[PDB]
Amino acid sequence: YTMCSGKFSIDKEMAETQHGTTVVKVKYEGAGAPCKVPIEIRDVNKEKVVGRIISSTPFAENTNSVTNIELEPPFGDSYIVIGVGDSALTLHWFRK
């Protein structure tokens, strides 16, 4: 299997757990599934890779199923980037 080439959408509000982590529920829109979900957290400038992804190698099984991704953004402003290139879903997050 390879990285998903297509776009992603979010099925529910991003939920902050009691363990200082965030859970994202994603739906794949593109082709080539099953494929690996490209997901990373970037700084305020949308440059350097920050925080971490908790879930092991998240996969999009098809274009109907929902992929549950647990991640840990750093404190303050960050950007959760789901997918590849300019088609990628960018989600602004602020951790208190």
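So that there is no doubt, residue numbering starts at 1 and follows the sequence shown.
The mean Cα B-factor in the deposited entry runs higher for 37-45 than for the other of 37-45 and 22-30. Per-stretch averaging of Cα B factors for 6-14 and 71-79 places 71-79 on top. Among the modelled residues of its chain, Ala60 has a C-alpha B-factor that falls in the middle third, as given in the PDB entry. Ranked by C-alpha B-factor against the other modelled residues of its chain, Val50 falls in the highest third.
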